[PDB]
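Report on one structure; see the data block that follows.
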Amino acid sequence: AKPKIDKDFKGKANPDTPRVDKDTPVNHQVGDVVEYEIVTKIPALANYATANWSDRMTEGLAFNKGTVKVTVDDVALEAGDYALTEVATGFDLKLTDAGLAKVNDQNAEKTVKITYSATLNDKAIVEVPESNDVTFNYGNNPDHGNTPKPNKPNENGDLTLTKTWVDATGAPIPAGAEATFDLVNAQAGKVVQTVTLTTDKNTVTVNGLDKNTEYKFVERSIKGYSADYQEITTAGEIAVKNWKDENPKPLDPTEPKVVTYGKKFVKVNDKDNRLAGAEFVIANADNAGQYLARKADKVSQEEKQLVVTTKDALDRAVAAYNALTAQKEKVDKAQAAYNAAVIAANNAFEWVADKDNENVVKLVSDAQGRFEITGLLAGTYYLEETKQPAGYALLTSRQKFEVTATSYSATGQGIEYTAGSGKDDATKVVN
Ligand code: NA
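In the authors' numbering, the protein residues as written are 187 to 513, 520 to 623.
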């Protein structure tokens with residue numbers, strides 16, 4: 187009777203028997219190309235006027251335009267069978283009359299498969315998942331529904347919902363019913379707040395949200411109305427239009443999640459004094475092996491140049507600081529600028545045999561001894577010091593560290609990343 191849907195990583199999707207652990211994010215490294223598949227079962231003897239799929243992704247996943255492929259019963263559709271619209275944050279794929287004829291009026295269940303990919307990018311934050319979000323909007327009447335578009339709150343934590351209503355022709359009409367929405371953290375898929383719009387007030391502001399987190403208002407199905415989520419035009423505002431299409435509720439599968447990991451370090455001496463200007467690379471073995479580098483063909487000339495120029499300025503700041511008596521915030525700022533340039537340039541990682549390779553990632557301690565690495569797979573890695581802090585001997589041994597699902601954030605480690613934090617969330621490196 188009703189169609190069935192699932193979305194998962196390529197090869198895992200199963201509309202009949204969806205995977206049990208979907209909610210648990212799968213560890214990837216920055217630059218990974220994540221392959222997705224949507225599988226939809228359409229019943230025999232269907233007579234749909236609309237069969238539309240739409241997907242929107244959180245900002246750390248860059249939809250790869252041109253990667254969409256669609257098959258029915260493992261047979262490729264023709265260009266004329268669907269209308270595909272691609273945007274920075276995803277796509278909409280709508281069957282034309284020609285495409286509908288291939289899933290309608292069939293004597294057996296039809297299986298639609300849509301595959302595509304997205305690239306995990308440098309906007310991803312360690313331990314915060316990234317996600318897509320597919321909705322299948324269908325019915326015997328034309329349907330105007332689509333998938334939610336995630337959005338961040340305004341600077342002060344406010345996110346506002348506005349709802350309007352139209353008939354099947356697009357003409358405004360009064361609210362047809364009370365409308366309930368679940369405000370969902372779009373990264374993790376957890377509901378944070380439920381709101382209800384009465385028939386006389388079509389807007390509501392939710393306060394206290396995280397300005398660096400994406401959310402979405404997911405409409406609970408209202409009988410005979412389809413939810414058309416408007417493109418995002420500004421932070422802190424989400425608009426929804428309800429069409430009186432008189433179609434069934436849409437299909438809304440449980441999407442998988444991806445996540446990257448990281449590690450924090452503090453450079454100190456034997457008295458726990460924090461040291462600026464120590465430089466390190468990362469190796470994949472306790473001796474020999476390879477070193478962590480950004481992939482040269484995935485980084486622009488401008489991105490590479492910024493790493494170099496900010497490093498030069500950091501070198502100058504470290505020099506000027508080291509000249510000061512015990513009795520510079522300049523170092524911290526310069527180091528943060530360099531760190532930001534490194535993150536922006538680290539679009540993808542690879543392992544290289546030559547530690548002198550110009551693309552090898554180089555970490556530098558600030559005036560609080562701090563340095564860090566983000567965007568990694570879990571594993572056992574090894575720091576190698578390449579430049580000692582002024583006045584100290586070069587370390588001779590590599591230092592083992594473990595990257596895990598909580599290694600960036602957890603206490604129970606060597607030292608406070610930032611003194612006084614109360615969290616021992618960094619690896620201690622002693623000079
Ligand atoms: Na969905």
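Even for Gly, the Cβ is constructed at its ideal location relative to N, Cα and C.
By a beta-carbon distance limit of 8 Å, residue 346 contacts residue 423. Their separation comes to about 5 Å. Residue 189 is positioned such that its CB atom lies no closer than 8 Å to that of residue 323. In this structure, residue 320 has its CB closer than 7 Å to one or more heavy atoms of the ligand NA. The C-alpha of residue 377 lies about 37 Å from the C-alpha of residue 481.
When the five nearest sequence neighbours on each side are left out, the beta carbons in the same chain lying within less than 7 Å of the beta carbon of residue 576 are those of 466, 467, 469 and 590, in order along the chain.
Under a 10 Å Cβ-count criterion, residue 417 is classified as exposed, with fewer than 16 other Cβ atoms of the shown protein chains found around its own Cβ. Secondary structure in the stretch 384-442: the beta strand (DSSP E) runs of 3 residues or longer, each lying completely within the stretch, are 389-392, 401-405, 412-415 and 423-429 in chain order.
Checking the 7 Å criterion, the Cβ of residue 333 is within range of a heavy atom belonging to the ligand NA.
At a Cβ-Cβ threshold of 8 Å, residue 237 and residue 270 do not count as neighbours. Take residue 327, set aside five residues on each side of it, and the residues of its chain with a beta-carbon closer than 8 Å to its own are 235, 236, 354, 431, 432 and 433, in chain order.
Boundaries of the alpha helix (DSSP H) harbouring residue 535: 521-537, taken from the DSSP string. Rounded to whole angstroms, the gap between the alpha carbons of residue 375 and residue 352 is 29 Å. Taking the Cα of residue 496 as reference, the smallest distance to any Cα among 484, 438, 522 and 510 is reached at 522.
A direct Cα-Cα distance of roughly 18 Å separates residue 608 from residue 566.
Contact fails between the stretch 330-337 and the stretch 289-298, because fewer than three Cβ pairs, one in each stretch, are under 8 Å apart. Taken through DSSP and simplified to helix, strand or coil, residue 448 comes out as strand. Pairing residue 520 with residue 506 gives a Cβ-Cβ distance under 8 Å. The stretch 277-335 contains, as complete alpha helix (DSSP H) runs of 4+ residues, the segments 283-289 (chain order). At least one heavy atom of the ligand NA is found less than 7 Å from the C-beta of residue 438.
Within the chosen limit of 7 Å, the ligand NA does not reach the beta carbon of residue 417 with any heavy atom. If you check the C-beta of residue 441 against the ligand NA, you find a heavy atom less than 7 Å away. In this chain, residue 502 is not harboured by any beta strand (DSSP E); it is covered by the alpha helix (DSSP H) spanning 487-508.
Here the alpha carbons of residue 464 and residue 524 stand approximately 13 Å from one another.
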